[PDB]
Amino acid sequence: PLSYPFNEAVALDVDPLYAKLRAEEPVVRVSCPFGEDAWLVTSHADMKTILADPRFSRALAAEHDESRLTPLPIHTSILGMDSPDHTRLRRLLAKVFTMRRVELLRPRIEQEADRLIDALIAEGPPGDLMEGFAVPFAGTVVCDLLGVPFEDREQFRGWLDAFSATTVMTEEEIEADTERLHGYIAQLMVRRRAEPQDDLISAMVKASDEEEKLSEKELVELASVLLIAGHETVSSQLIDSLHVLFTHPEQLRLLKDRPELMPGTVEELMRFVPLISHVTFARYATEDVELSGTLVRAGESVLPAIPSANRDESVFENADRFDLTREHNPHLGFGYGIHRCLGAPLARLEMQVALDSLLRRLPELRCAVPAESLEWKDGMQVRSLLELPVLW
């Protein structure tokens, strides 16, 4: 069995093996850094099957030593459940995390992007689009929506890596930091139960309390994943997307000249950015299933290599090319099926507002160093820059 990951992720380079596997052996047995051996799945079509077909279970991972890249299984809350418990949380969350609520955030989101650019200009070039834009932009937006005080970021930001770290933290540190975040949210919940605000933690507590829909621990773990997705995943995708744009200047000039391309541009960035470093969370087969010629037996695990699916030449013409005009884009960057991203409307709003604001306010935006000089954050389940120095 091949040792997986084959190679540590470098910048946004995709490992050439995936294209070889997609063409010659789309499903391959691997050993994982932790837990049971698994079947790596590489193709778009098989990705949809393992993500959405009910013969594949997230909740069954709990009955295994879960195939994974993290030292401990992650507390993935709703993303670790099947029906019926998944339906229960999906419904509570959908009911409070509505499209209307998100769209009504637009003036505040736009204002926050303007305020961050104001500070960049006041402080003078070069600016860091990571710590000086993407991080505080995503942070203030999710903190506002969830109800986690952004002023507490100095306390909680240090615990988030525990939910994502592969090689760089010990079990003992992951457990400790996981406890710290869970316990921080639980304290917040006591305040929000007694003193509701216009935020998701308050709405969730109210819905759960008035229907006894969820246990306190379920509410804690669910709010925690929402904080992580809003804070870490959004800022990672955003900074990575800025790198793609700077490293494909011709597409950047096009976007600046044709701002009506933004919605398709954000979708192409979702596809093209290999955001997930390797795979998302493993599923287990409840019965035998054949995938691209390989028999996956009942009780065996599958690793969904979503970024490789988004480079599937059989689904996207010139899948190795970044083209923000791309019309056919059934990308899986927001997942697919039962666990597909509930945050996608919010993430698309943020991506669009952030990119449009920077290009409208900073027409001459360009990366201030060569790509070779950039420092990436290694040992995590998503890729991100640590700094993106820019000029304007």
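The numbering used is simple: start at 1 and walk along the sequence shown.
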| property | result |
| --- | --- |
| Between the two ranges 241-249 and 257-265, the one averaging a larger CA B factor in the entry | 257-265 |
| 270-278 or 169-177, whichever carries the higher mean Cα B-factor | 169-177 |
| Residue selected from 283, 297, 157, 182 by maximal Cα B factor | 297 |
| Per the PDB entry, maximal CA B factor within 87, 308, 111, 202 | 87 |
| Residue 325 CA temperature factor, ranked by third within the chain | highest |
| Third assignment of residue 70 from its chain's C-alpha B-factors | lowest |
| Ranked against its chain, the third holding the CA B-factor of residue 2 | highest |
| Where the record places residue 316 (Cα B-factor, split into thirds across the chain) | highest |
| Within-chain third of residue 362 by Cα B-factor, per the entry | highest |
